[PDB]
A.B. asks: 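Structure provided below as structure tokens; questions to follow.
Just so you know, these numbers use all the heavy atoms, side chains as well, and skip hydrogens, waters and symmetry mates. The first residue of the sequence shown is numbered 1, and numbering continues consecutively from there.
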Amino acid sequence: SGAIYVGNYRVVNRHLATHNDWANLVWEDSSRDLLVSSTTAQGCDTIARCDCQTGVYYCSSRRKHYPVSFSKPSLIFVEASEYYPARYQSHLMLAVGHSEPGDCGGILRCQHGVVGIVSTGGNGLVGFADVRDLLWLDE
Ligand SMILES: NC(=O)[C@H]1CCC(=O)N(Cc2noc3ccccc23)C1
Ligand SMILES: [Zn+2]
């Protein structure tokens, strides 16, 4: 679990969005596993606008932050789960690191701000859904 709060927006994994997120929907993309909903309160986070390929993410299944080197956002095959059929997930960044399904929503940050959130993983890998291209989050 986990979300990004920026301005009047809440960014979550689409597969973990609540009834309230869908009732206040701004934008969603099943191919990216992202959903953005509107909030009444001003958010605590700021978004990176950079090409960083190193950062630190929070891993709730270890209660720890880990440093990662990650690939540029790209189209990657993701095996079927209870939430989605087997498909290519877009704007996904891979890295070597521990992650379990409940870790989705953990934030990845670089020196510039929030880069993305945990969305995929397994077998010593962790995948992050990028949010740096979503320029409208800042306005
Ligand atoms: N973006 C997706 O399609 C995810 C939907 C929820 C989900 O369980 N997965 C598969 C999964 N197995 O092991 C993981 C470790 C970390 C994060 C996800 C996973 C993929
Ligand atoms: Zn950066």
Side-chain angles (χ1 to χ4, degrees):
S1 68
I4 301 163
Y5 294 92
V6 48
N8 289 303
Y9 295 126
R10 159 170 145 108
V11 187
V12 291
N13 294 94
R14 191 192 185 269
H15 73 279
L16 304 179
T18 66
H19 292 303
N20 276 314
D21 286 317
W22 279 101
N24 292 284
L25 179 65
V26 170
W27 170 86
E28 53 78 30
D29 188 332
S30 172
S31 83
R32 296 178 63 151
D33 180 43
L34 289 179
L35 182 143
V36 175
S37 62
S38 55
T39 67
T40 54
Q42 183 78 10
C44 63
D45 297 305
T46 73
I47 310 301
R49 300 300 179 196
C50 66
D51 61 353
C52 282
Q53 278 187 256
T54 66
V56 176
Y57 77 106
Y58 181 67
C59 178
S60 62
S61 65
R62 292 286 180 270
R63 272 202 206 105
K64 267 185 167 74
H65 295 263
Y66 290 107
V68 280
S69 286
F70 50 95
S71 60
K72 286 192 179 97
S74 72
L75 197 54
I76 291 163
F77 182 76
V78 185
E79 221 187 307
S81 66
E82 48 189 357
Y83 304 98
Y84 297 109
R87 75 209 213 285
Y88 287 84
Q89 175 161 324
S90 62
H91 299 266
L92 184 63
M93 299 176 293
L94 288 191
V96 172
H98 180 72
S99 68
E100 286 167 51
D103 285 328
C104 288
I107 281 171
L108 170 64
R109 307 175 70 91
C110 63
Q111 66 190 115
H112 307 107
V114 176
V115 174
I117 53 169
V118 174
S119 178
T120 75
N123 298 305
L125 295 166
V126 60
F128 309 95
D130 185 48
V131 301
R132 293 178 288 187
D133 64 317
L134 304 176
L135 314 188
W136 51 270
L137 284 176
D138 285 330
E139 61 212 42

A.B. asks: Please step through side chain to side chain contact (heavy atoms under 4.5 Å, CB included) for the pair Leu16 and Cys104, ending with a clear verdict.
C.D. replies: CA-CA 8 Å; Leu16 304 179; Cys104 288; 4.0 Å; yes

A.B. asks: State whether a side-chain donor-acceptor pair under 3.5 Å links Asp33 with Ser119.
C.D. replies: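 The answer is yes; a qualifying pair exists.
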
A.B. asks: Who clusters with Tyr66? Use side-chain heavy atoms, under 4.5 angstrom, across I, L, V, M, F, W and Y, and order the result by chain and number.
C.D. replies: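 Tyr57, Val68, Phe70, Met93, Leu108, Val115, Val118, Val126, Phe128, all in the cluster of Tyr66.
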
A.B. asks: Going by the salt bridge (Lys or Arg N to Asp or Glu O under 4.0 Å) test, which pairs reach into residues 10-19, not counting sequence neighbours?
C.D. replies: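 Output for this query lists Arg10-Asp21, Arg14-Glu28.
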
A.B. asks: I need the full list of salt bridge (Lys or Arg N to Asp or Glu O under 4.0 Å) pairs touching residues 66-77, with sequence neighbours left out, sorted by first then second residue.
C.D. replies: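 The answer is none; no pair qualifies.
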
A.B. asks: Go through the structure and list residues passing ring-ring contact (aromatic ring centres under 6.0 Å, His included) with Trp22, not counting sequence neighbours.
C.D. replies: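 Result, ring-ring contact (aromatic ring centres under 6.0 Å, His included) vs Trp22: none returned.
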
A.B. asks: Quick one: side-chain contact (heavy atoms from CB on, under 4.5 Å) partners of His65, sequence neighbours excluded?
C.D. replies: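 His65: side-chain contact (heavy atoms from CB on, under 4.5 Å) contacts with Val56, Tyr58.
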
A.B. asks: Could you work out, with side-chain contact (heavy atoms from CB on, under 4.5 Å) as the rule, every residue matching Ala86, not counting sequence neighbours?
C.D. replies: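 In terms of side-chain contact (heavy atoms from CB on, under 4.5 Å), with neighbours along the sequence ignored, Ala86 is linked to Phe77, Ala80.
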
A.B. asks: Please report the shortest heavy-atom distance between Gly102 and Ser60, naming the atom on each side.
C.D. replies: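 Reported closest heavy-atom pair: O-OG, 3.6 Å.
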
A.B. asks: Which residues end up grouped with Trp27 if you chain together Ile, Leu, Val, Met, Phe, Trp and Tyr wherever their side-chain heavy atoms are less than 4.5 Å apart?
C.D. replies: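 In the cluster with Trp27 are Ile4, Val6, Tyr9, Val11, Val26, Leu34, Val36, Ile47, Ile107, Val114, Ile117, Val131, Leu134, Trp136, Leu137.
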
A.B. asks: Would you check if the side chain of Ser99 reaches a backbone N or O of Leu125 as a donor-acceptor pair within less than 3.5 Å?
C.D. replies: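 Flag set: sc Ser99 to bb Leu125 pair under 3.5 Å.
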
A.B. asks: Show me the pairs that pass salt bridge (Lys or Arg N to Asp or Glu O under 4.0 Å) and involve residues 96-108, at least two apart or across chains.
C.D. replies: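 Those involving residues 96-108 are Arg62-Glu100.
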
A.B. asks: Please identify each residue that fulfils side-chain contact (heavy atoms from CB on, under 4.5 Å) with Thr120, with sequence neighbours left out.
C.D. replies: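 side-chain contact (heavy atoms from CB on, under 4.5 Å) check on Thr120 returns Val78, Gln89, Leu92, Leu94.
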
A.B. asks: Identify the two heavy atoms, one from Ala17 and one from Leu35, that lie closest to each other, and give their separation to 0.1 Å.
C.D. replies: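 Looks like CB-CD1, 3.7 Å.
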
A.B. asks: Name all residues meeting the ring-ring contact (aromatic ring centres under 6.0 Å, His included) criterion together with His98; count only those two or more places apart in sequence or in a different chain, and write none if there are none.
C.D. replies: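 If we apply the ring-ring contact (aromatic ring centres under 6.0 Å, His included) test to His98, skipping adjacent residues, there are no hits.
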
A.B. asks: Under 4.5 Å between side-chain heavy atoms, chaining through other members, with only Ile, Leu, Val, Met, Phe, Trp and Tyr counted: pull out the rest of the cluster around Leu135, sorted by chain and number.
C.D. replies: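 Members alongside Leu135: none; it stands by itself.
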
A.B. asks: Under the salt bridge (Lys or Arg N to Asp or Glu O under 4.0 Å) rule, what pairs show up with a residue in residues 109-133, not counting sequence neighbours?
C.D. replies: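 Listed by first then second residue: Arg32-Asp133, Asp45-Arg109, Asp130-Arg132.
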
A.B. asks: Any chance the side chains of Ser31 and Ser90 put a donor and an acceptor closer than 3.5 Å?
C.D. replies: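 Yes - a donor-acceptor pair under 3.5 Å links their side chains.
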
A.B. asks: What are the two closest non-hydrogen atoms of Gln53 and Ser71, and how far apart are they?
C.D. replies: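 Heavy-atom minimum between the residues: NE2-CA, 3.9 Å.
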
